[PDB]
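Undergrad: My structure file target00.cif, mmCIF, N, CA and C atoms, is below:
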data_final
loop_
_atom_site.label_atom_id
_atom_site.label_comp_id
_atom_site.auth_asym_id
_atom_site.auth_seq_id
_atom_site.Cartn_x
_atom_site.Cartn_y
_atom_site.Cartn_z
N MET A 1 143.63 24.12 200.12
CA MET A 1 144.84 23.89 199.27
C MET A 1 145.73 25.14 199.31
N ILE A 2 146.63 25.20 200.27
CA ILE A 2 147.54 26.38 200.39
C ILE A 2 148.96 25.89 200.69
N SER A 3 149.68 25.55 199.66
CA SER A 3 151.09 25.08 199.85
C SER A 3 152.00 25.96 199.01
N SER A 4 153.13 26.33 199.54
CA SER A 4 154.09 27.21 198.79
C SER A 4 155.23 26.37 198.18
N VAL A 5 154.95 25.14 197.81
CA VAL A 5 155.99 24.25 197.19
C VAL A 5 155.30 23.16 196.35
N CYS A 6 154.19 22.65 196.83
CA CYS A 6 153.42 21.59 196.12
C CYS A 6 152.03 21.46 196.77
N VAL A 7 150.99 21.81 196.05
CA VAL A 7 149.61 21.71 196.61
C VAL A 7 148.69 21.02 195.59
N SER A 8 148.32 21.71 194.53
CA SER A 8 147.45 21.09 193.49
C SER A 8 148.33 20.58 192.35
N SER A 9 149.56 20.22 192.65
CA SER A 9 150.48 19.71 191.59
C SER A 9 149.85 18.48 190.94
N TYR A 10 149.28 17.61 191.74
CA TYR A 10 148.60 16.40 191.19
C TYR A 10 147.54 15.89 192.18
N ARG A 11 147.04 16.75 193.03
CA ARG A 11 145.99 16.33 193.99
C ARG A 11 144.63 16.36 193.26
N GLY A 12 144.57 15.75 192.10
CA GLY A 12 143.31 15.73 191.29
C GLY A 12 142.81 17.17 191.08
N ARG A 13 143.73 18.11 191.00
CA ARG A 13 143.35 19.54 190.80
C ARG A 13 144.41 20.26 189.96
N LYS A 14 144.09 21.42 189.44
CA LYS A 14 145.07 22.18 188.61
C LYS A 14 145.02 23.67 188.97
N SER A 15 144.80 23.99 190.23
CA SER A 15 144.76 25.42 190.66
C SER A 15 146.16 25.84 191.10
N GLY A 16 146.61 25.36 192.24
CA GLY A 16 147.98 25.69 192.73
C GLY A 16 148.95 24.70 192.10
N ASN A 17 149.35 24.94 190.87
CA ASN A 17 150.28 23.99 190.18
C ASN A 17 150.63 24.51 188.77
N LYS A 18 151.64 25.36 188.65
CA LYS A 18 152.04 25.83 187.27
C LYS A 18 152.86 24.67 186.63
N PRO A 19 153.63 24.92 185.59
CA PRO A 19 154.39 23.75 185.07
C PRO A 19 155.34 23.24 186.15
N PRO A 20 155.40 21.93 186.31
CA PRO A 20 156.30 21.31 187.35
C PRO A 20 157.69 21.98 187.45
N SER A 21 158.03 22.82 186.51
CA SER A 21 159.35 23.51 186.50
C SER A 21 159.55 24.36 187.78
N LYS A 22 158.81 25.44 187.92
CA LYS A 22 158.95 26.35 189.12
C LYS A 22 158.16 25.78 190.31
N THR A 23 157.50 26.63 191.07
CA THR A 23 156.71 26.17 192.25
C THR A 23 155.31 25.78 191.79
N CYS A 24 154.86 24.57 192.07
CA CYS A 24 153.51 24.16 191.62
C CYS A 24 152.47 24.63 192.64
N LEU A 25 152.44 25.94 192.82
CA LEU A 25 151.49 26.59 193.77
C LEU A 25 150.94 27.88 193.13
N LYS A 26 149.74 28.29 193.50
CA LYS A 26 149.14 29.55 192.92
C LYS A 26 150.04 30.76 193.24
N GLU A 27 150.77 30.67 194.33
CA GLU A 27 151.68 31.77 194.77
C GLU A 27 152.72 32.13 193.69
N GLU A 28 153.14 31.19 192.88
CA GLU A 28 154.17 31.49 191.84
C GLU A 28 153.53 31.52 190.44
N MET A 29 154.10 30.83 189.47
CA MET A 29 153.52 30.84 188.09
C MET A 29 152.09 30.28 188.08
N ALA A 30 151.70 29.49 189.07
CA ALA A 30 150.31 28.93 189.07
C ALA A 30 149.29 29.98 189.56
#
For the file at hand, write its structure as structure tokens.
TA:
Amino acid sequence: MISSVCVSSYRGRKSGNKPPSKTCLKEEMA
């Protein structure tokens, strides 16, 4: 799971996915 725009946004996971507002990836607020 390594996406810089959408990865664990809703892939049955909550790691790379901050609030849908910014980038839903661990790289940003996630």
Undergrad: Excluding residue 19 (chain A) and its own-chain neighbours fewer than 4 positions away, which residues fall within 7 Å of it when counting only N, CA and C atoms? Please give them as number ranges by chain.
TA: A: 23-24, 29-30
Undergrad: Taking the file above as input, evaluate the PyMOL selection byres ((chain A and resi 6) around 6.5) and report the hits as a VMD selection string.
TA: chain A and resid 3 to 5 7 to 9 16 23 to 25
Undergrad: For CA of residue 10 (chain A) and atom N of residue 26 (chain A), quote the distance in Å rounded to one decimal.
TA: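 For CA of residue 10 (chain A) relative to atom N of residue 26 (chain A), the distance reads 12.2 Å.
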Undergrad: Mind giving me the axis-aligned box for region 21-29 of chain A with 8 Å on every side, centre plus edges in Å to one decimal, as JSON?
TA:
{"center_x": 154.3, "center_y": 27.5, "center_z": 190.6, "size_x": 26.4, "size_y": 25.3, "size_z": 24.3}
